[PDB]
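> Protein chains in written order, with the numbering used here: chain A, 30 to 286; chain B, 30 to 286; chain C, 30 to 286; chain D, 3 to 103; chain E, 155 to 346; chain F, 155 to 346; chain G, 155 to 346. We put the CB at the ideal spot given by N, CA and C, even for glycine.
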Amino acid sequence: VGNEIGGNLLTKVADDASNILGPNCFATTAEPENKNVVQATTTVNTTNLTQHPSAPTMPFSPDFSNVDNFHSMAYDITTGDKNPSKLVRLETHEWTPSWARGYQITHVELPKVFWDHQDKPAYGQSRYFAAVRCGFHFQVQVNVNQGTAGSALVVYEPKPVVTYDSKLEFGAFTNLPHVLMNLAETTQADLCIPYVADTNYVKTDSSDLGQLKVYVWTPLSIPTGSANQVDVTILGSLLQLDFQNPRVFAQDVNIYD
Amino acid sequence: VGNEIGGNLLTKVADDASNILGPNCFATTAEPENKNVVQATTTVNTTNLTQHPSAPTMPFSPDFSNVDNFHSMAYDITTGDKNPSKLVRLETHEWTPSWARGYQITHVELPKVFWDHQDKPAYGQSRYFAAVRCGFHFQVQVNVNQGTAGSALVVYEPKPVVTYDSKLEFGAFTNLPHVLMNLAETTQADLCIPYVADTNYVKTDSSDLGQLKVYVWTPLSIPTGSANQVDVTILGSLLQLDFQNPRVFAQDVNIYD
Amino acid sequence: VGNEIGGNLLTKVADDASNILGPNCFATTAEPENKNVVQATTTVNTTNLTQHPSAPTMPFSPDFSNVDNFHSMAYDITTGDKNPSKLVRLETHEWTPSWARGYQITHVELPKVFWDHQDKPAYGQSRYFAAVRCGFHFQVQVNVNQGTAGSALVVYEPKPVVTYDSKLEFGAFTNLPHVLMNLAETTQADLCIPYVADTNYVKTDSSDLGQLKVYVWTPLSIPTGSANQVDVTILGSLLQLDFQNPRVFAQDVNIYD
Amino acid sequence: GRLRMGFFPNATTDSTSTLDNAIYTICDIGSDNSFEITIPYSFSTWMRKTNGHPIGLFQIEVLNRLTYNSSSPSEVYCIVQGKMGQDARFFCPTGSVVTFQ
Amino acid sequence: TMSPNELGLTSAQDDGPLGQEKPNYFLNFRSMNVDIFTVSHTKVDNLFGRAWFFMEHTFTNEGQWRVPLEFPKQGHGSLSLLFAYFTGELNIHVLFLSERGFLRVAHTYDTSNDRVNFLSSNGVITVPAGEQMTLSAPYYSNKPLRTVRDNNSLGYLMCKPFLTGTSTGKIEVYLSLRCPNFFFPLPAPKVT
Amino acid sequence: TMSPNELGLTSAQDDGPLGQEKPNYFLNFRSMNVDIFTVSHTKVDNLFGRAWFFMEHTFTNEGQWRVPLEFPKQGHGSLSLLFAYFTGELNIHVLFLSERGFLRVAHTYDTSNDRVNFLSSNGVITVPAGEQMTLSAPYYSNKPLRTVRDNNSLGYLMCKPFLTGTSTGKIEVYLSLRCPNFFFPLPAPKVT
Amino acid sequence: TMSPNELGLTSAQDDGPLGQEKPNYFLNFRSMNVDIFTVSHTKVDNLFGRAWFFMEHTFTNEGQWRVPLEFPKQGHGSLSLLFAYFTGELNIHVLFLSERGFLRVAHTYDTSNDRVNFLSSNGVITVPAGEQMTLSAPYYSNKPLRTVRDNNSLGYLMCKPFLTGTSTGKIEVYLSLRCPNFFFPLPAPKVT
RNA sequence: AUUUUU
RNA sequence: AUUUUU
RNA sequence: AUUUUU
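1. List the residues of chain G that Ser47 (chain A) touches, going by C-beta distances under 9 angstroms, in chain order.
2. Pull up the distance between the alpha-carbon of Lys64 (chain C) and that of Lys64 (chain B), whole angstroms please.
3. Measure the Cβ-Cβ separation of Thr27 (chain D) and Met7 (chain D) and say whether it is below 7 angstroms.
4. Which residues, taken in chain order from the region 51 to 62 of chain C, show a beta carbon closer than 8 angstroms to some beta carbon of chain B?
5. Excluding the five sequence neighbours on either side, which residues of its own chain have a C-beta within less than 8 angstroms of the C-beta of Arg258 (chain G), listed in chain order?
6. Does DSSP classify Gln174 (chain F) as helix, strand or coil?
7. So, is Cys29 (chain D) buried or exposed, given that buried needs 16 or more other C-beta atoms within 10 angstroms?
8. Among the candidates G:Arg303, G:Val193, G:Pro158, whose CA atom is the shortest distance from the CA of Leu233 (chain G)?
9. Determine the extent of the beta strand (DSSP E) in which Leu59 (chain D) is found, giving its start and end residues.
10. Starting from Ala84 (chain B), find everything on chain E with Cβ-Cβ shorter than 9 angstroms and list it in chain order.
11. Distance cutoff 7 angstroms, beta carbons only. Does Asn159 (chain F) sit that close to anything in chain A?
12. Which residue's Cα is closest to the Cα of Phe237 (chain F): F:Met209, F:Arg269, F:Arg204, F:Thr301?
13. Which partner residues of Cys29 (chain D) appear in the DSSP bridge assignment?
14. Determine, using beta carbons only, whether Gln68 (chain A) comes closer than 7 angstroms to chain B.
15. Is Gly87 (chain D) close to chain A? Criterion is C-beta to C-beta, closer than 7 angstroms.
16. Please classify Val270 (chain F): does DSSP put it in a helix, a strand, or coil?
17. Grab the span of the alpha helix (DSSP H) containing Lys188 (chain C) for me, first residue to last.
18. Residues of chain A with CB under 8 angstroms from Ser94 (chain C), in chain order?
19. What are the boundary residues of the beta strand (DSSP E) that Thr214 (chain G) is part of?
20. My understanding is that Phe158 (chain B) touches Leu267 (chain B), with C-beta atoms under 8 angstroms, so please give their C-beta distance in whole angstroms.
21. Cβ closer than 8 angstroms: which chain D residues qualify as neighbours of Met287 (chain E)?
22. How about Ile325 (chain G) and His211 (chain G): are their beta carbons less than 7 angstroms apart?
23. With DSSP as the reference, please indicate the residues paired to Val67 (chain A) in a beta bridge.
24. Shortest alpha-carbon distance to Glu224 (chain E) belongs to which of E:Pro339, E:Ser321, E:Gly284, E:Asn305?
25. Compute the distance between the beta-carbons of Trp128 (chain A) and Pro252 (chain A), then report whether it is under 7 angstroms.
26. Roughly how many whole angstroms lie between the Cα atoms of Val231 (chain B) and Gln217 (chain B)?
27. Comparing the C-beta of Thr247 (chain C) with each C-beta of chain G, is any distance below 7 angstroms?
28. Mind pulling the chain D residues with CB within less than 8 angstroms of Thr196 (chain E)?
29. Could you tell me if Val161 (chain B) is buried or exposed, where buried requires 16 or more neighbouring beta carbons within 10 angstroms of its beta carbon?
30. Output the distance between the C-alpha atoms of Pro52 (chain B) and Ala43 (chain B), rounded to the nearest integer angstrom.
31. Which class does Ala279 (chain C) belong to by DSSP, given the choice of helix, strand or coil?
32. Please determine, among C:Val137, C:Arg156, C:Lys141, C:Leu220, the residue with the shortest C-alpha to C-alpha distance to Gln273 (chain C).
33. Nearest-angstrom Cα distance between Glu138 (chain C) and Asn174 (chain C)?
34. Would you check if the distance between the CB atom of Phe208 (chain E) and the CB atom of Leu329 (chain E) is smaller than 7 angstroms?
35. What did DSSP end up calling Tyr152 (chain A) once you bin it into helix, strand or coil?
36. List the residues of chain G whose Cβ lies closer than 9 angstroms to the Cβ of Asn32 (chain B), in chain order.
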């Protein structure tokens, strides 16, 4: 109806009053490069709202694959991602001879032990999330010369068990995922433990989700000459890990009621 | 050419540098909810122009039929509309005995009589309009016992007649829409009068468009014992009504030159 | 999503709550006549950029053909355009008797001679351009009675020749576009000379592109009674003209390095 | 000007803290000056107390000083509204903790 | 794809009409509807289908008990205060705590206090002593809608106990509604 | 449907080109064209087809009457002042009020006062005494268009009466035009 | 048709991404590409395919000549300073100005000054006295790209002349490159 | 890598 | 008024 | 120039 017709009311007029030399004027109307629009950009748990956007820029004929075709780093591309699920040494205590049956050799705070020190692959991420849901794969290793004998009970104890531990009858702990491992026969035990709790998620940096322990099934029968320093080591791997709740750096957050 | 490309120059780039975990960023550009538009709204003889409109609101799952399905008011939906055309009592004078023929019993200012008092159904609207074009339906009622006799002339007199009334020969008034009604025979007369004037429209609250009168065709012959108080009543209905010119409340406006 | 819906959220609502009398309200929304656009207009070597344009206007049922259908001016429509290429008198010197062979009768600064005076058809345009590329059509005229005899050498000398003129052997100048014209036989000579230079374009108002000269092939043999005042005239026409470089009015501009 | 509002789910320590790791939304003043922010369900349970643990820490920090001119205000008013998402649900009806009027 | 409007950038003045189920997203997020029970506890029929205490009356004689029934500003029934109009069945739960006798119960929306003096046809159900009944009073209101707030939003309840000896007691009353029709939600209530 | 532009909301700076027959509406209204007569009285041909007084001259001798014909700033012909250029037939109405004689009438657009001294071929129509004639002078102008305002916009009129005795009189002149071609309407005139 | 954007009206903040071959026009004008030679002199391969002086060394003994090869901030090779990274063949032109002898020439990108003490496999081409050779050193760099600016952007050149008697001289060195791969153009250099 | 030339 | 439940 | 009228 008007206010834009500036192009065909000048482009035509000349095209109507043109001679063999052609039109003496050309007029074109259109919208400005800077139009009235709004741009929104979302990254991980973030949203940037801009109402005065500008044409995004970038280098000449750029390549954003970001993958080094020469593989100057021979590793899997998802190495850094899976790194926190890596197998790690959770504990190593010494089986002190003369320890009656039932005696607890060593324990391990599950799952906060995987972030035991700032030198743990999972320690990094674990600090930026308050909630966790994961599966475990333990490998308790105990080496003893052939001359010696004995047996230890590697068992997983959920918070329920750990809470009421004294109320439970030892010798029945075989009801829990365990590995009566007879020394001089086995040097390592394997335990695959899924997420077990009375809550969908467990607070990061908590002893919840139970804890893995190692008891004395039958004390060590170490002959005279045989060595007497048996070490028990607990290794742990995360079959599957999941950090959800965001939070400040290593700040105690209550996911529970 | 630029200034909007913010969406596909960020949405694509990521879609080009994405790994099994998918893109790490999404960008979408579009027009703001508050765009540069103009709204116009027109009601009866009104026009509202707004250049800064906002999204109109309304209740949840609303019903604008505005019709009471239960009819708590049993009447026609168009009752209020037609109300002003309703039949009403325009006049009631007493036929004073001993009144020679030709004598004028009673008159009625047409059409301003339908707005005679603020208690007239049409009085309401009539006040908001200066122009009128309507048809009439009169019903002059005169009741007299059987013993008595007489006759009255109910006739419609346009402004032309009313103006020059004395110049006209009585007894010839039968040329105008009339009803020689012989008492003791008829108790009511019916007259359907269309819009009659020398102008398309008549000024509201004016005596124009003539006036209805009732004359004495033959005086009342009331016997000795018979009653002597005969009343003549004039009722009026609007076959069709039309108020056009808007104006202040009951303010004299000149539609004429 | 909002901010424009003002039209169908008011136009419909009424259309939903309308009775036999139809809707009691209509609302329409759209863009303002003054929208956010930009207009650009280009004339000869000019470009007008406006970001706040308005609807262009013009007279009632206008005719922009600009051609006078009555031809009150009987001439070719392109007369003014071609005018500068028109044939003109470039020079007129007198053949002074007793002038040995080889003697230069008269010369002419090419091409700046066509703008010799402000009374030259081409003088007008020549002033608004610094560069020139054109072709020539000379017509050297020399009239002599039958009794007399003689011959003149009309030859075109490019800048190269004009520069090193003394180094060239006369009598060999017949190698250049010339016209040995024997008086008493021919009264006019015709020479069609195209653009000749060592540069694509020649600076306007320059002696470059050579110059046309007229020499004495064989001196005038004028009998006793015969007249002794022979005039040599040089006329010039532009087969094709081309002014390119824009510049201030008649300001020396260097197109060369 | 710009303003970044973040939210740390189930956070309890009411103290100013960098929102770089929190769910935030940057607000650039324009025509539509009503920015939102969504907080996905986050609890150790499939259902959480309607009245118990906080929803989290809500912080709105200044990103770019509110600019103005000779005829414009040097400070403006803000309003914060809250509602439930399209996936919102309530479960057990319990007693009352307060009395309305 | 997703528009900036659904990413948080909107305008409060463009919300009308009322009731816009607009979706909100951002990377790594989408409205996830997970159910824990086989049915909804938010539906008006279900929630309100569950009674809530109303009031108690201690009788000594055979007098009558007239009380303006209204919506609670106290229990889960308070969720009704979010609405303006109501209409539908009304479930009244009455407990007759008495040693030996009978309790006449009736309900009407009629404001007149004389149409109740008799109890002819106002629903005189009989709860024997020490018993309890749940009567569902129909919408016998003279008003199409019941403003939900009124001190008598719900119709009046009548209780004329028919005692036999010096026996006395107390009548605790709680109530719910059957299928409720609420309209035109109003602003949330304040606290005391 | 109807746009807000046609409802009154417009911009004065977006009116060009000149001549925009835009429709204006609102509820309960629409452009209604009702005719009273079988033809238009606004058409240039019709309106101007009707004469209007010009001027009067009182003669005593057989002298000649030269007068610069121009458009009226007085009668209905004033509507011409709304235009700038004219061209077409010119109807001249002359009344010869004389007892005994003849009136020579002629018309030319030629400005020269000598090409009229004779009246050879300038249209010497003859109106006998006491008579009146209406001569239609063609567009014998040397200018394609006649500025409508000029004191001589219309060509000059000549009147050389051929009297017989001492008789004298007056020549009243009024005029109209046949099919007029007006162009480039200019702003409305002022009043005195 | 032509848009106002292509007529000069644009916005500097809407230029990204880098590299917009937008056409510019106006009446009586259009981009005219006219070639004078059968090929381009702007193409990286052609321009740089032509050597340029580098440096000169005057020898007296049989010592070795180690020199960090770099791009010129002096000749037409300076056009390289407009880039940030390089990779490809390197043409080294050496002139051995000596009366009687031989010149050992080698090239490596290895920074270690001991891997050159021997010249085992560093390309020991032999230019007899008074001769000159052009050896093309491959991209035997341990870095995928060579920052173009580094004082050693190009690998080091070695020259151990094998003289016979007291003879001495000077070794002038100039160089070019075979097919060069330049990336990420940086801002233009300043002048001294 | 028609990243010698066609 | 699948405004008991499917 | 249906720029007399249809």
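Concretely, from the data shown:
1. For the purposes of this step, residue 47 (chain A) is taken as the residue at position 18 of the first sequence. Ordered by position in chain G, no residue passes the 9 angstroms Cβ test against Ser47 (chain A), which lies about 12 angstroms from the chain.
2. Looking up residue 64 (chain C) in the third sequence gives position 35. Looking up residue 64 (chain B) in the second sequence gives position 35. Using only the alpha carbons, I get a separation of about 11 angstroms.
3. Counting from 1 along the fourth sequence, the entry for residue 27 (chain D) is found at position 25. Counting from 1 along the fourth sequence, the entry for residue 7 (chain D) is found at position 5. Contact flag set, yes.
4. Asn53, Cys54, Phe55, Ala56, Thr57, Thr58, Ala59, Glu60, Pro61
5. Position 104 of the seventh sequence, counting from 1, holds the residue named residue 258 (chain G). Around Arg258 (chain G): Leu273, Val278, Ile279, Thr280, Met312, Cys313, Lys314, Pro315, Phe316.
6. As a working mapping, residue 174 (chain F) is identified with position 20 in the sixth sequence. Coil at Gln174 (chain F), not helix or strand.
7. Position 27 of the fourth sequence, counted from the start, is the residue given in the question as residue 29 (chain D). Buried: at least 16 other Cβ atoms inside 10 Å.
8. In the seventh sequence, residue 233 (chain G) corresponds to position 79, counting from 1. Minimum Cα distance to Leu233 (chain G) is reached at G:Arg303.
9. On the fourth sequence, residue 59 (chain D) is found 57 positions in, with the first residue counted as 1. Note, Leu59 (chain D): beta strand (DSSP E), 58 to 66.
10. Working through the second sequence from its first residue, we reach residue 84 (chain B) at position 55. Correct list: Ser165, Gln167, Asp168, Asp169, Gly170, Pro171.
11. Here residue 159 (chain F) refers to the residue found at position 5 when the sixth sequence is read from its first residue. Yes, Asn159 (chain F) lies at the interface with chain A (some Cβ there is under 7 angstroms from its Cβ).
12. The residue given as residue 237 (chain F) occupies position 83 in the sixth sequence. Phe237 (chain F) has its Cα closest to that of F:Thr301, out of F:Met209, F:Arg269, F:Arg204, F:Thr301.
13. Taking the fourth sequence and counting its residues from 1, one reaches residue 29 (chain D) at position 27. In DSSP, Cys29 (chain D) forms a bridge with A:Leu78, D:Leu5.
14. Working through the first sequence from its first residue, we reach residue 68 (chain A) at position 39. Interface residue, yes.
15. Looking up residue 87 (chain D) in the fourth sequence gives position 85. Closer than 7 angstroms: no.
16. Stepping through the sixth sequence from its first residue, residue 270 (chain F) is reached at position 116. In this structure, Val270 (chain F) counts as coil in the three-state DSSP scheme.
17. Indexing the third sequence from 1 puts residue 188 (chain C) at position 159. Unbroken alpha helix (DSSP H) run through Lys188 (chain C): 188 to 192.
18. Start at 1 with the first residue of the third sequence, and residue 94 (chain C) comes out as number 65. In chain order: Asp45, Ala46.
19. Sequence index remark: in the seventh sequence, residue 214 (chain G) carries index 60 (1-based). It is not in any beta strand (DSSP E) - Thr214 (chain G) carries neither H nor E in the DSSP assignment.
20. Position 129 of the second sequence holds residue 158 (chain B). Position 238 of the second sequence holds residue 267 (chain B). About 14 angstroms; that fails the 8 angstroms criterion.
21. Taking the fifth sequence and counting its residues from 1, one reaches residue 287 (chain E) at position 133. What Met287 (chain E) touches in chain D: nothing, since even the nearest Cβ is about 24 angstroms away.
22. The sequence position of residue 325 (chain G) within the seventh sequence is 171, counting from 1. The sequence position of residue 211 (chain G) within the seventh sequence is 57, counting from 1. Yes.
23. Taking the first residue of the first sequence as 1, we reach residue 67 (chain A) at position 38. DSSP lists B:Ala59 as partners of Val67 (chain A).
24. Mapped onto the fifth sequence, residue 224 (chain E) falls at position 70. Nearest C-alpha to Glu224 (chain E): E:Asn305.
25. Mapped onto the first sequence, residue 128 (chain A) falls at position 99. Mapped onto the first sequence, residue 252 (chain A) falls at position 223. Going by C-beta atoms, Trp128 (chain A) is not nearer than 7 angstroms to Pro252 (chain A).
26. Within the second sequence, numbered from 1, the residue matching residue 231 (chain B) stands at position 202. Within the second sequence, numbered from 1, the residue matching residue 217 (chain B) stands at position 188. Their backbone Cα atoms lie some 29 angstroms apart in a straight line.
27. Taking the third sequence and counting its residues from 1, one reaches residue 247 (chain C) at position 218. For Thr247 (chain C), the answer is no, since every Cβ of chain G falls outside 7 angstroms of its Cβ.
28. As a working mapping, residue 196 (chain E) is identified with position 42 in the fifth sequence. What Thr196 (chain E) touches in chain D: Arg91, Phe92.
29. As a first step, residue 161 (chain B) must be located in the second sequence, where it is residue number 132. Result: buried.
30. Along the second sequence, read from residue 1 onward, the residue named residue 52 (chain B) stands at position 23. Along the second sequence, read from residue 1 onward, the residue named residue 43 (chain B) stands at position 14. Rounded to the nearest angstrom, the two C-alpha atoms are 5 angstroms apart.
31. Position 250 of the third sequence, counting from 1, holds the residue named residue 279 (chain C). Residue state, collapsed to three classes: coil.
32. In the third sequence, residue 273 (chain C) corresponds to position 244, counting from 1. With distances taken between Cα atoms, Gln273 (chain C) lies closest to C:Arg156.
33. Start at 1 with the first residue of the third sequence, and residue 138 (chain C) comes out as number 109. Start at 1 with the first residue of the third sequence, and residue 174 (chain C) comes out as number 145. The straight-line gap from Cα to Cα measures roughly 30 angstroms.
34. Numbered from 1 along the fifth sequence, position 54 holds the residue referred to as residue 208 (chain E). Numbered from 1 along the fifth sequence, position 175 holds the residue referred to as residue 329 (chain E). Taking 7 angstroms as the Cβ cut-off, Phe208 (chain E) and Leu329 (chain E) qualify as a contacting pair.
35. The count along the first sequence starts at 1 and reaches residue 152 (chain A) at position 123. Helix.
36. As a position in the second sequence, residue 32 (chain B) is number 3, starting the count at 1. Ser165, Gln167, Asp168, listed in chain order.
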